[PDB]
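Values below: every heavy atom of this structure, side chains too, minus hydrogens, waters and symmetry copies. Throughout, protein chains are lettered first and strands after them, A, B, ... in sequence-line order, and every chain is numbered starting at 1.
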Amino acid sequence: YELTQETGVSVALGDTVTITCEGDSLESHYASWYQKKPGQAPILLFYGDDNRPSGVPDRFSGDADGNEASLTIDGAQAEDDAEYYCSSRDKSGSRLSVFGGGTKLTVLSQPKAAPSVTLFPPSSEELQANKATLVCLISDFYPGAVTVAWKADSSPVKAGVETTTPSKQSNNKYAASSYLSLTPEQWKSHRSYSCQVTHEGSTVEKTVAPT
Amino acid sequence: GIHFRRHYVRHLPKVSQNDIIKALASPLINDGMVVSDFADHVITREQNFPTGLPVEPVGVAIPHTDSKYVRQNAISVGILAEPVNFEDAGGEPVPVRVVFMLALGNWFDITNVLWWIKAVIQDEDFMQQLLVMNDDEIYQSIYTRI
Amino acid sequence: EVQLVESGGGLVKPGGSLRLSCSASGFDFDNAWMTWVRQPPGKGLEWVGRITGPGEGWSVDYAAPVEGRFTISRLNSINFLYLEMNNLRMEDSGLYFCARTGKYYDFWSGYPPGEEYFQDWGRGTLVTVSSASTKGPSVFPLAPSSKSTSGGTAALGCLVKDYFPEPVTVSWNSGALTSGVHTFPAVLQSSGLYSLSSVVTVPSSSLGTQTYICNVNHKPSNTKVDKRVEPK
């Protein structure tokens with residue numbers, strides 16, 4: 001095996017960027033390049049000497065020299081934020097193929113977007129099942145970093161909290177969720193619970209009550 | 001497999017680009033190495049993806065088609081009396097005297113043979129011999145190569 | 001475009017066996033080279049193996065980690081590709097893709113046997129290798145609220161709680177409702193069980209009339225839930 005690539009590269013929106021791939025087999029073989037976004041199948045971008053599949057934008061182009069192959073994006077757009085994989089033979093003359101480890105392209109200077117927050121109280125049905133889950137859904141924010149804190153009345157709670165890492169939506173913004181597990185008795189014995197979302201210095205706080 | 005008999009080598013008179021394909025296709029029909037209308041498919045692929053190779057001194061063409069029209073790997077070689085024009089494989093009117101018709105259904109054999117062909121046509125000494133040697137000597141020197 | 005559909009994924013015990021299938025249409029399947037590729041969770045693509053075509057006598061090549069354990073075959077008459085997996089281990093867990101495979105060789109600069117590239121891909125089927133047991137989800141309604149939404153609209157959803165392994169699928173009104181649907185990535189809880197939520201934004205005025213049902217399918221536990229979500 002073993003083609004190798006940088007773990008991640010950044011690029012200003014509208015700027016040029018180059019992703020590299022290195023390996024002995026590249027001395028003798030061309031690489032092909034794939035874009036991949038989470039939850040979506042890979043897309044072929046480029047292969048061989050100078051071959052670009054018909055639907056791929058013109059700003060993608062590949063080159064090769066020595067033990068190296070490179071994918072250049074000439075004028076990166078938000079939609080180009082993705083993982084890029086190169087592929088080729090594992091050794092010169094080999095009948096096997098291999099992928100590089102992937103390079104994360106992050107496109108910088110995208111417009112800031114504030115999260116929209118939705119908090120759901122536990123359902124009647126869940127309480128009858130002697131369980132209680134508070135659901136805090138966070139969407140449409142950029143960049144993809146937020147912090148979630150929970151309060152019972154005005155006291156902080158960390159026990160029973162589960163929060164996802166943020167993930168890209170199909171619209172190039174991020175979403176996350178946080179779950180607070182309680183007993184029916186805890187849910188019933190406070191005046192309210194709150195989910196507080198912090199994103200770039202700003203916070204949004206939603207509150208719910210057994211009512 | 002390889003397969004390359006003595007009657008897979010021939011000279012051609014002062015011929016159309018299309019006619020050359022047929023002339024070389026016929027022995028590959030006579031042994032069931034390819035489908036009945038192999039020459040038909042080869043001709044059509046040439047008009048979209050030309051196989052003329054601009055090399056000095058002897059112009060070379062490598063006509064072929066998709067491997068799905070082959071039944072058993074085979075090569076046919078032709079030596080043209082007068083240079084016949086083949087369109088350039090790179091989009092750029094190449095005067096060809098040697099034709100390597102490839103009826104290979106196996107991809108690894110295709111790439112192996114193309115690699116070997118590249119090395120031979122870059123040897124201006126052996127390329128010359130091909131222009132003077134007869135159907136026996138040409139067949140002999142070529143057959144050795146494995 | 002062409003269509004590749006993988007299936008067969010699910011939960012298997014370490015040491016166990018599994019067979020994946022891929023259905024193909026839209027191109028010449030009989031003459032196509034076909035490749036299996038996998039992605040372990042949170043990692044990159046990994047080439048698994050490739051089966052060739054009639055000219056190469058259906059020869060198959062395998063990645064070193066799976067050689068001897070996996071078997072790739074094809075049934076051309078019905079356009080199916082298979083991956084048979086024996087003695088599975090935890091490191092075999094992940095999303096398995098099948099891909100239509102093109103072959104490239106540049107005459108002047110190339111070296112045998114050229115290169116293979118992957119022109120079309122399926123969406124993948126998820127394989128989880130684990131000794132943990134299957135648990136079906138409890139599905140709970142998240143009653144509509146218009147507090148956080150645009151004027152005139154309301155958000156309602158379903159909480160899909162405590163299942164294993166991934167994945168679950170969620171649709172609304174059997175797929176008749178798709179616009180305004182947002183199904184969130186699952187959280188992996190400390191219990192080792194997953195939970196996710198799906199919401200849909202609807203016109204407030206429609207709350208009285210139209211019924212809203214989330215359809216939750218968890219194939220590994222053979223469980224389907226159709227949960228009605230009503231005010232309030």
>> Can you tell me how far apart CZ (B/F86) and CD (B/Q17) are? Round to the nearest 0.5 Å.
In response: 5.0 Å
>> Side chains of C/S59 and C/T52 only: does a donor on one sit below 3.5 Å from an acceptor on the other?
In response: yes
>> What I want to find out is whether C/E116 reaches A/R89 closely enough, with some N-O distance under 4.0 Å, to be called a salt bridge.
In response: yes
> Is there side-chain contact between A/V17 and A/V107, with heavy atoms separated by less than 4.5 Å?
Replying inline: no
> Is there a side-chain contact between C/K103 and C/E115 (heavy atoms, below 4.5 Å)?
Replying inline: no
>> Donor-acceptor check, side chain of C/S23 to backbone of C/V5, threshold 3.5 angstrom: yes or no?
In response: no
>> Does either side chain, that of C/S21 or that of C/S7, offer a donor lying less than 3.5 Å from an acceptor on the other one?
In response: no
>> Could you tell me if C/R74 sits above the aromatic ring of C/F29, with its cationic atom closer than 6.0 Å to the ring centre and no more than 45 degrees from the axis?
In response: yes
> Do the non-hydrogen side-chain atoms of B/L130 and B/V58 ever get within less than 4.5 Å of each other?
Replying inline: no
>> With a 4.5 Å cut-off on side-chain heavy atoms, are A/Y84 and A/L45 touching?
In response: yes
>> How close do C/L4 and C/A24 get, counting heavy atoms only, and between which atoms?
In response: CD2-CB, 3.7 Å
> Of all heavy-atom pairs between B/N73 and B/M33, which one has the smallest distance, and what is that distance?
Replying inline: O-CE, 3.8 Å
> Is there side-chain contact between B/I121 and B/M127, with at least one heavy-atom pair below 4.5 Å?
Replying inline: yes
> Mind checking whether C/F118 and A/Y34 have ring centres under 6.0 Å apart?
Replying inline: yes
>> On a heavy-atom basis, which atom in C/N31 and which in C/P54 lie closest, and how many Å separate them?
In response: OD1-CG, 3.9 Å
> disulfide (SG to SG under 2.5 Å): which pairs involve residues 45-88 of chain C, sequence neighbours left out?
Replying inline: none
>> Any donor-acceptor pair under 3.5 Å linking the side-chain atoms of A/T103 with those of A/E6?
In response: yes
> Does C/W33 have its ring centroid less than 6.0 Å away from the ring centroid of B/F108?
Replying inline: yes
>> Check for me whether C/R19 meets the cation-pi criterion with C/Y82, that is, NZ or CZ under 6.0 Å from the six-membered ring centre and within 45 degrees of the ring axis.
In response: yes
>> Please give me the minimum heavy-atom distance between C/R100 and C/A32, naming the atom from each residue.
In response: CD-CB, 4.5 Å
>> Between the side chains of C/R38 and C/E46, is the shortest nitrogen-to-carboxylate-oxygen separation below 4.0 Å, so that they form an ion pair?
In response: yes
>> As a quick check of understanding, evaluate side-chain contact (heavy atoms from CB on, under 4.5 Å) for C/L88 and C/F70, giving each step before the final call.
In response: CA-CA 9 Å; C/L88 282 157; C/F70 291 12; 4.1 Å; yes
> Charged N to carboxylate O below 4.0 Å: is that the case for A/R59 and A/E79?
Replying inline: yes
>> Counting C-beta onward and ignoring hydrogens, is there a side-chain heavy-atom pair between A/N172 and A/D81 closer than 4.5 Å?
In response: no
>> Please find the pair of heavy atoms, one from A/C21 and one from A/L26, that lie closest to each other, and give the distance.
In response: O-CD1, 3.4 Å
> Would you say C/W121 and C/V37 make side-chain contact, with heavy atoms under 4.5 Å?
Replying inline: yes
>> Checking C/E166 against C/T128: is there a side-chain donor and acceptor pair closer than 3.5 Å?
In response: no
> Could you give the distance from CG (C/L11) to CG (C/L126), rounded to the nearest 0.5 Å?
Replying inline: 10.0 Å
>> With a 4.5 Å cut-off on side-chain heavy atoms, are B/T51 and B/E46 touching?
In response: yes
